[PDB]
file work.cif (mmCIF, C-alpha atoms)
data_coords
loop_
_atom_site.label_atom_id
_atom_site.label_comp_id
_atom_site.auth_asym_id
_atom_site.auth_seq_id
_atom_site.Cartn_x
_atom_site.Cartn_y
_atom_site.Cartn_z
CA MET T 1 -44.28 14.17 15.03
CA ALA T 2 -40.90 15.90 15.67
CA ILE T 3 -37.55 14.62 17.11
CA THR T 4 -35.02 15.55 19.87
CA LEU T 5 -32.05 17.93 19.27
CA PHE T 6 -28.66 18.41 21.06
CA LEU T 7 -28.24 22.23 21.36
CA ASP T 8 -25.47 24.19 23.31
CA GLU T 9 -23.09 24.81 26.35
CA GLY T 10 -20.49 27.27 24.99
CA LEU T 11 -19.43 24.51 22.57
CA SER T 12 -17.09 26.89 20.68
CA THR T 13 -15.50 28.74 23.61
CA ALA T 14 -11.94 27.49 24.02
CA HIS T 15 -11.57 24.73 26.60
CA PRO T 16 -9.23 26.04 29.35
CA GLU T 17 -6.81 23.18 28.72
CA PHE T 18 -6.80 23.81 24.97
CA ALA T 19 -6.21 27.59 24.77
CA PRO T 20 -2.56 27.49 25.98
CA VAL T 21 -1.73 24.45 23.84
CA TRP T 22 -3.24 26.20 20.82
CA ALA T 23 -1.27 29.36 21.62
CA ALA T 24 1.96 27.37 21.28
CA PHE T 25 1.00 25.47 18.08
CA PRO T 26 3.20 26.54 15.14
CA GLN T 27 1.07 27.69 12.23
CA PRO T 28 2.30 28.00 8.62
CA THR T 29 2.67 31.47 7.18
CA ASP T 30 0.63 30.52 4.07
CA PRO T 31 -2.87 32.06 4.00
CA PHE T 32 -4.05 28.76 2.48
CA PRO T 33 -1.50 25.93 2.23
CA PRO T 34 -1.77 23.88 -0.98
CA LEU T 35 -2.70 20.20 -0.99
CA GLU T 36 0.91 19.01 -1.25
CA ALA T 37 1.83 21.01 1.86
CA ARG T 38 -1.10 19.49 3.80
CA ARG T 39 -0.13 15.95 2.78
CA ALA T 40 3.50 16.73 3.70
CA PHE T 41 2.38 18.17 7.04
CA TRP T 42 0.64 14.95 7.97
CA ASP T 43 3.61 12.91 6.71
CA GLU T 44 6.33 14.99 8.39
CA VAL T 45 4.80 16.45 11.54
CA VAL T 46 1.46 15.00 12.62
CA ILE T 47 2.05 11.26 12.29
CA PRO T 48 5.73 11.33 13.43
CA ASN T 49 4.79 13.32 16.54
CA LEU T 50 1.74 11.13 17.24
CA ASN T 51 3.87 8.01 16.92
CA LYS T 52 6.60 9.45 19.14
CA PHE T 53 4.00 10.07 21.84
CA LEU T 54 2.33 6.67 21.47
CA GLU T 55 5.56 4.61 21.24
CA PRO T 56 5.80 3.85 25.01
CA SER T 57 2.17 2.64 25.01
CA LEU T 58 2.66 0.11 22.20
CA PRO T 59 2.17 -3.52 23.29
CA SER T 60 5.12 -5.87 23.40
CA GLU T 61 5.87 -7.25 19.95
CA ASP T 62 4.89 -10.75 21.08
CA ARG T 63 1.31 -9.61 21.71
CA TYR T 64 0.27 -8.76 18.14
CA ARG T 65 1.31 -9.25 14.55
CA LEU T 66 0.70 -7.29 11.37
CA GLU T 67 -0.34 -8.69 8.00
CA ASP T 68 -0.38 -6.59 4.83
CA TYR T 69 -2.54 -7.43 1.83
CA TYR T 70 -3.08 -6.09 -1.67
CA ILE T 71 -6.71 -6.57 -2.74
CA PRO T 72 -8.49 -5.86 -6.07
CA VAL T 73 -10.78 -2.84 -6.35
CA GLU T 74 -12.35 -1.20 -9.41
CA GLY T 75 -9.47 -0.68 -11.76
CA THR T 76 -6.55 -1.13 -9.35
CA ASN T 77 -5.36 -2.85 -6.15
CA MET T 78 -5.66 -1.43 -2.63
CA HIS T 79 -3.33 -1.92 0.32
CA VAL T 80 -4.98 -3.36 3.45
CA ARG T 81 -3.32 -3.82 6.83
CA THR T 82 -4.60 -6.21 9.51
CA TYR T 83 -3.73 -6.06 13.21
CA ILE T 84 -4.00 -9.48 14.83
CA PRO T 85 -3.72 -10.20 18.59
CA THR T 86 -1.24 -12.95 19.43
CA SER T 87 -1.11 -13.00 23.24
CA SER T 88 -3.41 -16.01 23.66
CA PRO T 89 -1.57 -19.36 24.00
CA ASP T 90 -4.13 -20.53 21.37
CA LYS T 91 -2.71 -19.63 17.96
CA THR T 92 -5.95 -20.83 16.30
CA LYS T 93 -8.25 -18.49 18.28
CA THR T 94 -10.50 -16.18 16.24
CA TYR T 95 -11.46 -12.67 17.30
CA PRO T 96 -14.14 -10.06 16.55
CA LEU T 97 -13.53 -7.82 13.54
CA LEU T 98 -12.91 -4.05 13.60
CA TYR T 99 -12.82 -2.27 10.22
CA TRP T 100 -11.25 1.20 10.56
CA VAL T 101 -11.48 4.06 8.03
CA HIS T 102 -8.84 6.78 8.39
CA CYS T 103 -9.32 10.55 8.17
CA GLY T 104 -8.01 13.20 5.83
CA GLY T 105 -10.77 15.24 4.17
CA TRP T 106 -10.93 12.50 1.44
CA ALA T 107 -7.69 13.98 0.04
CA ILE T 108 -5.03 12.91 2.58
CA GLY T 109 -3.81 9.84 4.36
CA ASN T 110 -3.33 6.09 4.55
CA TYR T 111 -2.98 3.39 7.25
CA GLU T 112 0.01 5.22 8.82
CA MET T 113 -2.35 7.72 10.48
CA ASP T 114 -3.82 5.20 12.89
CA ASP T 115 -1.22 2.45 12.77
CA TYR T 116 -0.01 2.77 16.37
CA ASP T 117 -3.53 3.36 17.69
CA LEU T 118 -4.74 0.15 16.06
CA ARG T 119 -1.73 -1.85 17.31
CA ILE T 120 -2.79 -0.72 20.76
CA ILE T 121 -6.49 -1.36 20.24
CA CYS T 122 -6.11 -4.85 18.80
CA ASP T 123 -4.21 -5.85 21.94
CA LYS T 124 -6.46 -3.96 24.36
CA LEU T 125 -9.77 -5.23 22.97
CA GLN T 126 -8.62 -8.59 21.60
CA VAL T 127 -10.00 -7.84 18.13
CA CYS T 128 -8.51 -8.03 14.65
CA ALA T 129 -8.35 -4.53 13.18
CA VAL T 130 -8.35 -3.70 9.47
CA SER T 131 -7.17 -0.41 7.92
CA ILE T 132 -7.36 0.38 4.20
CA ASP T 133 -5.68 2.80 1.78
CA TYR T 134 -8.77 4.01 -0.06
CA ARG T 135 -8.13 6.23 -3.07
CA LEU T 136 -7.74 9.96 -2.38
CA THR T 137 -9.24 13.06 -3.93
CA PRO T 138 -8.82 15.03 -6.13
CA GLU T 139 -6.95 12.44 -8.22
CA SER T 140 -9.97 10.14 -7.78
CA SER T 141 -13.43 11.75 -7.52
CA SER T 142 -16.22 10.61 -5.20
CA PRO T 143 -17.53 7.91 -5.01
CA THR T 144 -14.21 6.18 -5.72
CA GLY T 145 -13.03 6.41 -2.12
CA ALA T 146 -16.36 5.13 -0.80
CA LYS T 147 -16.36 2.23 -3.26
CA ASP T 148 -12.81 1.29 -2.16
CA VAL T 149 -13.90 1.39 1.49
CA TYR T 150 -16.81 -0.88 0.62
CA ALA T 151 -14.69 -3.33 -1.37
CA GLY T 152 -12.35 -3.53 1.61
CA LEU T 153 -15.31 -4.17 3.93
CA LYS T 154 -16.45 -7.03 1.70
CA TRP T 155 -12.94 -8.45 1.54
CA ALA T 156 -12.52 -8.31 5.32
CA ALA T 157 -15.89 -9.99 5.92
CA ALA T 158 -15.26 -12.78 3.43
CA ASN T 159 -11.58 -13.40 4.24
CA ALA T 160 -11.76 -12.85 8.00
CA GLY T 161 -10.59 -16.36 8.87
CA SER T 162 -7.31 -15.90 7.02
CA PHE T 163 -6.23 -13.34 9.64
CA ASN T 164 -7.88 -15.00 12.69
CA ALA T 165 -11.06 -12.87 12.61
CA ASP T 166 -14.68 -13.98 12.74
CA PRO T 167 -17.31 -11.27 12.13
CA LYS T 168 -19.91 -13.48 13.82
CA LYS T 169 -18.00 -12.65 17.01
CA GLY T 170 -18.55 -8.95 16.34
CA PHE T 171 -18.16 -6.76 13.27
CA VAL T 172 -17.72 -3.05 14.04
CA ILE T 173 -17.06 -0.37 11.44
CA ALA T 174 -15.37 2.77 12.68
CA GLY T 175 -14.14 5.90 10.95
CA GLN T 176 -12.60 9.28 11.66
CA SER T 177 -13.70 12.55 9.96
CA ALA T 178 -13.83 11.93 6.18
CA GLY T 179 -13.28 8.25 6.93
CA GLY T 180 -16.29 8.30 9.22
CA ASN T 181 -18.28 9.79 6.35
CA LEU T 182 -17.18 6.96 4.06
CA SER T 183 -18.08 4.42 6.74
CA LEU T 184 -21.57 5.97 7.08
CA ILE T 185 -22.02 5.37 3.36
CA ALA T 186 -20.67 1.82 3.69
CA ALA T 187 -23.03 0.97 6.56
CA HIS T 188 -26.11 1.93 4.53
CA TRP T 189 -24.84 -0.02 1.51
CA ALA T 190 -24.09 -3.06 3.68
CA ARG T 191 -27.53 -2.97 5.28
CA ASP T 192 -29.08 -3.29 1.85
CA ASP T 193 -26.60 -5.76 0.32
CA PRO T 194 -27.46 -9.49 0.65
CA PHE T 195 -23.69 -10.16 0.55
CA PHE T 196 -23.63 -9.21 4.24
CA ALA T 197 -26.75 -11.17 5.27
CA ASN T 198 -24.72 -13.80 7.13
CA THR T 199 -21.98 -11.44 8.43
CA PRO T 200 -23.82 -8.17 9.15
CA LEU T 201 -22.23 -5.19 10.80
CA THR T 202 -22.93 -5.28 14.53
CA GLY T 203 -21.90 -1.72 15.39
CA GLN T 204 -20.54 1.55 14.13
CA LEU T 205 -18.34 4.26 15.65
CA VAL T 206 -17.69 7.61 14.00
CA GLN T 207 -15.78 10.71 15.04
CA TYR T 208 -16.90 14.17 13.81
CA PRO T 209 -17.74 13.15 10.16
CA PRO T 210 -19.05 15.34 7.36
CA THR T 211 -22.54 14.09 6.52
CA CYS T 212 -23.94 16.32 3.77
CA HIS T 213 -22.74 18.58 0.99
CA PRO T 214 -23.78 22.17 1.88
CA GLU T 215 -25.50 22.54 -1.49
CA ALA T 216 -27.64 19.47 -0.69
CA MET T 217 -28.61 20.29 2.90
CA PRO T 218 -32.41 19.84 3.05
CA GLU T 219 -34.17 23.18 3.39
CA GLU T 220 -36.11 22.12 6.50
CA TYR T 221 -32.83 21.50 8.35
CA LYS T 222 -30.81 24.52 7.24
CA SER T 223 -31.78 26.33 10.47
CA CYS T 224 -30.22 23.48 12.51
CA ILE T 225 -26.80 24.09 10.94
CA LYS T 226 -25.33 26.86 13.08
CA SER T 227 -21.76 25.56 13.45
CA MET T 228 -20.74 26.24 9.83
CA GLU T 229 -20.95 30.02 10.36
CA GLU T 230 -20.43 30.18 14.14
CA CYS T 231 -17.26 28.06 13.84
CA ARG T 232 -16.26 29.25 10.36
CA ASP T 233 -12.78 30.21 11.64
CA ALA T 234 -12.28 27.40 14.17
CA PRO T 235 -8.80 25.99 14.78
CA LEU T 236 -7.73 23.12 12.50
CA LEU T 237 -10.83 23.29 10.25
CA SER T 238 -12.42 26.40 8.76
CA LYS T 239 -15.61 26.67 6.70
CA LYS T 240 -13.39 27.67 3.78
CA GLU T 241 -11.48 24.38 4.18
CA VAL T 242 -14.71 22.36 4.40
CA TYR T 243 -15.89 23.85 1.10
CA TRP T 244 -12.48 23.25 -0.47
CA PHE T 245 -12.45 19.54 0.48
CA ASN T 246 -16.00 19.18 -0.91
CA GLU T 247 -14.79 20.79 -4.14
CA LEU T 248 -11.74 18.49 -4.37
CA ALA T 249 -14.02 15.47 -3.97
CA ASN T 250 -15.97 16.63 -7.05
CA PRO T 251 -19.05 14.39 -6.75
CA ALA T 252 -21.14 14.37 -9.91
CA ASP T 253 -24.23 14.84 -7.71
CA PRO T 254 -23.85 16.31 -4.19
CA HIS T 255 -27.44 15.18 -3.45
CA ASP T 256 -26.59 11.51 -3.98
CA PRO T 257 -26.22 9.44 -0.78
CA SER T 258 -22.94 8.04 -2.16
CA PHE T 259 -21.53 11.47 -1.24
CA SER T 260 -23.98 12.84 1.37
CA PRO T 261 -24.92 9.98 3.73
CA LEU T 262 -27.47 12.23 5.49
CA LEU T 263 -29.58 11.86 2.32
CA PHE T 264 -30.05 8.08 2.20
CA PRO T 265 -33.83 7.52 1.89
CA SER T 266 -33.84 5.43 5.06
CA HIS T 267 -31.70 5.35 8.19
CA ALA T 268 -33.61 2.47 9.78
CA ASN T 269 -31.94 -0.83 10.64
CA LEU T 270 -28.40 0.62 10.76
CA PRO T 271 -25.94 -0.79 13.33
CA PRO T 272 -25.91 0.69 16.83
CA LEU T 273 -24.04 3.98 16.57
CA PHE T 274 -21.45 5.54 18.89
CA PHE T 275 -20.97 9.15 17.78
CA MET T 276 -18.16 11.44 18.93
CA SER T 277 -18.34 15.19 18.35
CA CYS T 278 -15.99 18.13 18.83
CA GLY T 279 -17.67 21.34 19.91
CA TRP T 280 -15.51 23.92 18.13
CA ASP T 281 -15.99 22.60 14.62
CA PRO T 282 -17.91 23.85 11.54
CA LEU T 283 -18.93 20.22 10.82
CA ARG T 284 -20.45 19.82 14.29
CA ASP T 285 -24.09 20.45 13.50
CA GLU T 286 -24.44 18.28 10.38
CA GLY T 287 -23.04 15.45 12.49
CA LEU T 288 -25.49 16.15 15.31
CA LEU T 289 -28.27 16.23 12.71
CA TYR T 290 -27.20 12.87 11.25
CA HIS T 291 -27.16 11.41 14.76
CA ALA T 292 -30.64 12.82 15.47
CA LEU T 293 -32.03 11.29 12.27
CA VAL T 294 -30.51 7.91 13.05
CA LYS T 295 -31.95 8.00 16.58
CA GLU T 296 -35.41 8.99 15.30
CA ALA T 297 -35.27 6.05 12.86
CA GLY T 298 -35.14 3.70 15.84
CA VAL T 299 -31.44 2.79 15.88
CA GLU T 300 -29.69 2.51 19.24
CA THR T 301 -27.33 5.38 19.68
CA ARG T 302 -24.86 7.09 22.01
CA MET T 303 -23.41 10.59 21.65
CA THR T 304 -20.33 12.09 23.30
CA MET T 305 -19.61 15.81 22.98
CA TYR T 306 -16.20 17.43 23.62
CA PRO T 307 -16.95 21.16 24.08
CA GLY T 308 -14.37 23.83 23.37
CA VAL T 309 -11.99 21.71 21.28
CA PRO T 310 -11.56 21.63 17.49
CA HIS T 311 -11.89 18.98 14.80
CA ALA T 312 -9.31 16.21 15.26
CA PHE T 313 -7.61 17.93 18.21
CA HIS T 314 -6.78 14.49 19.63
CA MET T 315 -4.70 13.58 16.54
CA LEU T 316 -2.69 16.79 16.64
CA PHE T 317 -2.41 17.20 20.43
CA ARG T 318 -2.52 13.66 21.80
CA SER T 319 -0.28 14.63 24.74
CA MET T 320 -3.17 16.67 26.15
CA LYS T 321 -4.90 14.82 28.98
CA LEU T 322 -8.18 15.70 27.25
CA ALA T 323 -6.97 14.13 23.98
CA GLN T 324 -5.97 10.96 25.82
CA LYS T 325 -9.46 10.89 27.30
CA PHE T 326 -10.92 11.22 23.80
CA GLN T 327 -8.95 8.17 22.67
CA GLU T 328 -9.91 6.26 25.84
CA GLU T 329 -13.59 7.01 25.21
CA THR T 330 -13.16 5.94 21.57
CA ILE T 331 -11.92 2.60 22.85
CA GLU T 332 -14.76 2.44 25.42
CA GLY T 333 -17.31 3.04 22.66
CA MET T 334 -15.73 0.24 20.66
CA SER T 335 -15.97 -1.97 23.75
CA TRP T 336 -19.66 -1.08 24.09
CA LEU T 337 -20.30 -2.03 20.47
CA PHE T 338 -18.36 -5.29 20.76
CA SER T 339 -20.26 -6.09 23.99
CA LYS T 340 -23.35 -6.70 21.84
CA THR T 341 -21.75 -9.99 20.70
CA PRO T 342 -19.72 -10.70 23.83
CA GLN T 343 -16.86 -13.18 23.86
#
call {"tool": "encode", "arguments": {"input": "work.cif", "output": "structure tokens"}}
result
Amino acid sequence: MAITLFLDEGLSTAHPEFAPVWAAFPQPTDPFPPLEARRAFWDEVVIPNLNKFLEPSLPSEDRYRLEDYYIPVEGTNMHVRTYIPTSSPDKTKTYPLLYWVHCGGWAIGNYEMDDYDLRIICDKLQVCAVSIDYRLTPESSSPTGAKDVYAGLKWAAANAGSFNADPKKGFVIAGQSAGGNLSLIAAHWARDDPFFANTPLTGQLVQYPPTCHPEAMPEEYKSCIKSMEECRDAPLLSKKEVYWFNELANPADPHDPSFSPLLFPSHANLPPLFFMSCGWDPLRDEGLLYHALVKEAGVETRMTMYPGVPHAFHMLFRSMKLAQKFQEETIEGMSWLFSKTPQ
């Protein structure tokens, strides 16, 4: 038979609250900023401004602690940060496990991107959060980043007790944009890997991920992908930029599921999935397609659509009331997933 499909509502017409904010956003004069300028922009503008806004919402320093690790991956070591709640009078308490994969088009970023958000979340949800510095493109080609994310997931599962986590209490993988893509890969791998038999993932949250290389989009679905042309000039992410990030990632085979998670032979028996989409985004429809395929494979699933706002608008414009709602609904989706192993 066929399957259901999430269609329209003026998804790419500017949200009334976003148009004025966008009108005041400073844009670089470069027609196409080079990679070093994009990395510097996140380092110098996006994360400092995000942290300045989030600073008054951070929990008291008594309510959480941070632990940094350096773990082996193929051919190098990877930095891992853990976010551990410490407000209970019981210093031996163990908590559910949240494994978070940061954004950046596979080519940008590290734990700094979500550091404050995870400090907040670990206190709000009473979970141990984990964030990892997976290797970036183009210096490392796909699937190096995905393999690092997976090695970190294995490390966090096996070593949970050493930072007061217990994945039997809940084990949620979550990722943003390219990090969501890498977590989609990791969730399929983990489903099939007997390593995880005793500590399986219990849930997954993703925000607006890429799901398939354009050159590997299955013919029968090419008609579903309207956003790539309709939103080809959308704020914060153009079609041109999507293609450039795919090129930087340089997978040997764009049809392989280790790059295009849409193309795993089976999407059955994945963790329950909370999917968050931005309406004004060239990557919108491949994400909606991935969600449709996961739902048709029998996996429990929730979708939230933010019409009229671009890719990652909540990371660049967190002071918007709408952006705060996006983060609140992220946390609510996490709470839903963790409620499947309630503590």
call {"tool": "residues_around", "arguments": {"input": "work.cif", "residues": "residue 334 in chain T", "least_positions_apart": "3", "cutoff": "12 Å", "atoms": "all atoms listed in the file", "output": "MDAnalysis selection string"}}
result
chainID T and resid 96:100 118 121:122 124:127 129 170:175 202:207 272:276 302 327:331 337:341
call {"tool": "resolve_selection", "arguments": {"input": "work.cif", "expression": "the PyMOL selection byres ((chain T and resi 18) around 12)", "output": "compact mmCIF listing (two decimals) with C-alpha atoms, keeping the file's coordinate frame"}}
result
# COMPACT_ATOMS: atom_id res chain seq x y z
CA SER T 12 -17.09 26.89 20.68
CA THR T 13 -15.50 28.74 23.61
CA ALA T 14 -11.94 27.49 24.02
CA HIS T 15 -11.57 24.73 26.60
CA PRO T 16 -9.23 26.04 29.35
CA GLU T 17 -6.81 23.18 28.72
CA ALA T 19 -6.21 27.59 24.77
CA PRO T 20 -2.56 27.49 25.98
CA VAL T 21 -1.73 24.45 23.84
CA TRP T 22 -3.24 26.20 20.82
CA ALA T 23 -1.27 29.36 21.62
CA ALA T 24 1.96 27.37 21.28
CA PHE T 25 1.00 25.47 18.08
CA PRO T 235 -8.80 25.99 14.78
CA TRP T 280 -15.51 23.92 18.13
CA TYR T 306 -16.20 17.43 23.62
CA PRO T 307 -16.95 21.16 24.08
CA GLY T 308 -14.37 23.83 23.37
CA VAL T 309 -11.99 21.71 21.28
CA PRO T 310 -11.56 21.63 17.49
CA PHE T 313 -7.61 17.93 18.21
CA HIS T 314 -6.78 14.49 19.63
CA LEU T 316 -2.69 16.79 16.64
CA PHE T 317 -2.41 17.20 20.43
CA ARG T 318 -2.52 13.66 21.80
CA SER T 319 -0.28 14.63 24.74
CA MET T 320 -3.17 16.67 26.15
CA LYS T 321 -4.90 14.82 28.98
CA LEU T 322 -8.18 15.70 27.25
CA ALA T 323 -6.97 14.13 23.98
call {"tool": "atom_distance", "arguments": {"input": "work.cif", "atom1": "CA of residue 156 in chain T", "atom2": "CA of residue 103 in chain T"}}
result
19.3 Å
call {"tool": "closest_residue", "arguments": {"input": "work.cif", "among": "T:261, T:214, T:31, T:342", "to": "residue 239 in chain T", "atoms": "only C-alpha atoms"}}
result
T:214
call {"tool": "closest_residue", "arguments": {"input": "work.cif", "among": "T:66, T:80, T:108, T:11", "to": "residue 139 in chain T", "atoms": "all atoms listed in the file"}}
result
T:108
call {"tool": "residues_around", "arguments": {"input": "work.cif", "residues": "residue 113 in chain T", "least_positions_apart": "2", "cutoff": "9 Å", "atoms": "all atoms listed in the file", "output": "PyMOL selection string"}}
result
chain T and resi 42-43+46-47+50-51+102-103+109-111+115-117+315
call {"tool": "resolve_selection", "arguments": {"input": "work.cif", "expression": "the PyMOL selection byres ((chain T and resi 281) around 10)", "output": "ChimeraX atom specification"}}
result
/T:11-12,208,227-239,277-280,282-285,307-312
call {"tool": "atom_distance", "arguments": {"input": "work.cif", "atom1": "CA of residue 40 in chain T", "atom2": "CA of residue 287 in chain T"}}
result
28.0 Å
call {"tool": "closest_residue", "arguments": {"input": "work.cif", "among": "T:290, T:259, T:163, T:83", "to": "residue 225 in chain T", "atoms": "only C-alpha atoms"}}
result
T:290
call {"tool": "closest_residue", "arguments": {"input": "work.cif", "among": "T:245, T:326, T:189, T:221", "to": "residue 286 in chain T", "atoms": "all atoms listed in the file"}}
result
T:221
call {"tool": "residues_around", "arguments": {"input": "work.cif", "residues": "residue 182 in chain T", "least_positions_apart": "4", "cutoff": "7 Å", "atoms": "only C-alpha atoms", "output": "PyMOL selection string"}}
result
chain T and resi 146+149+178+186
call {"tool": "write_last_selection", "arguments": {"input": "work.cif", "atoms": "C-alpha atoms", "output": "compact mmCIF listing (two decimals), keeping the file's coordinate frame"}}
result
# COMPACT_ATOMS: atom_id res chain seq x y z
CA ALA T 146 -16.36 5.13 -0.80
CA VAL T 149 -13.90 1.39 1.49
CA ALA T 178 -13.83 11.93 6.18
CA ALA T 186 -20.67 1.82 3.69
call {"tool": "atom_distance", "arguments": {"input": "work.cif", "atom1": "CA of residue 297 in chain T", "atom2": "CA of residue 200 in chain T"}}
result
18.6 Å
call {"tool": "closest_residue", "arguments": {"input": "work.cif", "among": "T:333, T:177, T:288, T:265", "to": "residue 224 in chain T", "atoms": "only C-alpha atoms"}}
result
T:288
call {"tool": "resolve_selection", "arguments": {"input": "work.cif", "expression": "the PyMOL selection byres ((chain T and resi 70-78) around 9)", "output": "short mmCIF file (atom, residue, chain, number, x, y, z; two decimals) with C-alpha atoms, in the coordinates of the input"}}
result
data_model
loop_
_atom_site.label_atom_id
_atom_site.label_comp_id
_atom_site.auth_asym_id
_atom_site.auth_seq_id
_atom_site.Cartn_x
_atom_site.Cartn_y
_atom_site.Cartn_z
CA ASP T 68 -0.38 -6.59 4.83
CA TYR T 69 -2.54 -7.43 1.83
CA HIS T 79 -3.33 -1.92 0.32
CA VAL T 80 -4.98 -3.36 3.45
CA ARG T 81 -3.32 -3.82 6.83
CA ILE T 132 -7.36 0.38 4.20
CA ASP T 133 -5.68 2.80 1.78
CA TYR T 134 -8.77 4.01 -0.06
CA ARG T 135 -8.13 6.23 -3.07
CA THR T 144 -14.21 6.18 -5.72
CA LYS T 147 -16.36 2.23 -3.26
CA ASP T 148 -12.81 1.29 -2.16
CA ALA T 151 -14.69 -3.33 -1.37
CA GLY T 152 -12.35 -3.53 1.61
CA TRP T 155 -12.94 -8.45 1.54
#
call {"tool": "residues_around", "arguments": {"input": "work.cif", "residues": "residue 141 in chain T", "least_positions_apart": "4", "cutoff": "6 Å", "atoms": "all atoms listed in the file", "output": "ChimeraX atom specification"}}
result
/T:137,249-250
call {"tool": "closest_residue", "arguments": {"input": "work.cif", "among": "T:88, T:211, T:4, T:269", "to": "residue 256 in chain T", "atoms": "only C-alpha atoms"}}
result
T:211
